[PDB]
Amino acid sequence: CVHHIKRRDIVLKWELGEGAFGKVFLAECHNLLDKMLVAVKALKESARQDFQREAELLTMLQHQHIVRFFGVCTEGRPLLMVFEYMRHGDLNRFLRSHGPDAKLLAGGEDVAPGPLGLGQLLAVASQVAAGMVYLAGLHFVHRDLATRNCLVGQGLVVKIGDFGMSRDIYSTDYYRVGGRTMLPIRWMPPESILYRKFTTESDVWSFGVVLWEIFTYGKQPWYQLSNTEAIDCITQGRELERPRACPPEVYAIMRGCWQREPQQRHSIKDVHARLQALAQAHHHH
């Protein structure tokens, strides 16, 4: 039940990013909800079946913390996928520009430049956890949860996607095991690195790594290490250090996501419930 969009109704503004399989542009869309900003993904190239499967999946996935999908454009070439426009771009970039050095990075006119506070970091964390609760409820395995795969809209609205253009400007976040198989090893637990076992339990481990990215203002996990050294540390069971901005109670949540046995990891629903309770308790303080 994929919604179709006339090519005449899409006005491309500029190219945001490019990957091996697609191109993402900022665009204007007419008669969707007159003149609306949207983000358009163009299919570069089998590929048409993957595009069809994705469009169907994105029409079915509907949640306030999953990237909004408006439809496709199958009239002519390239094939297009229309997504919502999220002003603040990807969450990794957003965290890096609203960190301890935000004042140095800020434009002269930027509103109240400075590092995000605890309340804001907990609201970002709780929103990503809510999206992961929804996917787990559908028995859907993301396999590449990371802040680079989240978008931030005006009003600190956070939504999860799966971009693969992430595999271009964030090519350093992937390890090539062979051919075209790019693994986000720094976000993966030992069973995924060793045997490519991806489940809702390997996604909860990645959510723990997302919490660490959030509380370090977007640092790359294991940044001190090469890909082979990070693989060795993870399989040996080394844990990421508690971030300076991370309260001990948030680090206890990360540790719950990082239990060695996948079945011993806390469920994403309990992780979200705990994050939502900490965000509520801090609201007025």
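For every residue, the number given is its place in the sequence shown, counted from 1. Take the two forms, superpose them, and find the largest set of C-alpha atoms that agree within 1.5 Å; that set is the rigid core.
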Item to complete: Any chance you could tell me whether 22-30 or 60-68 drifts more in 9 other deposited structures of this protein, judged by RMS CA distance from this form after superposing on the core?
Response: 22-30
Worksheet item: Once the rigid core is matched, which of the two stretches, 147-155 or 192-200, lies farther off on average in 9 other deposited structures of this protein by C-alpha?
Response: 192-200
Discussion item. Counting only other entries where the flanking residues are modelled, do a third or more lack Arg180?
Written reply: yes
Worksheet item: At least a third of the other compared entries leaving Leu135 unmodelled, is that the case?
Response: no
Worksheet item: Hey, how big is the hole between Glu45 and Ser46 in terms of deposited residues without coordinates: none, 1 to 3, 4 to 9, or 10 or more?
Response: 1 to 3
Worksheet item: Deposited residues absent from the coordinates between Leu33 and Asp34, none, 1 to 3, 4 to 9, or 10 or more?
Response: 1 to 3
Item to complete: Would you tell me which stretch averages the higher CA B-factor in the PDB entry, 158-166 or 119-127?
Response: 158-166
Practice prompt. With reference to the PDB entry, specify whether the mean Cα temperature factor is higher for 4-12 or for 275-283.
Written response: 4-12
Worksheet item: Going by the entry, which of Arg238, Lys41, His63, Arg242 has the most elevated CA B factor?
Response: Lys41
Item to complete: By the entry's C-alpha temperature factors, tell me which of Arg93, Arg186, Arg77, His142 sits highest.
Response: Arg77
Worksheet item: If you rank every modelled residue in this chain by C-alpha B factor, which third holds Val177: lowest, middle or highest?
Response: highest
Worksheet entry | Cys233, C-alpha B-factor rank within chain (lowest, middle or highest third) | middle
Worksheet item: Going by what the PDB entry lists, where does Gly137 fall on CA B-factor within its chain: lowest, middle or highest third?
Response: middle
Worksheet entry | Position of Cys246 among the chain's modelled residues by C-alpha B-factor, lowest, middle or highest third | middle
Response to the item:
Tertile call for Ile214 (CA temperature factor, within chain, third-based) is the lowest
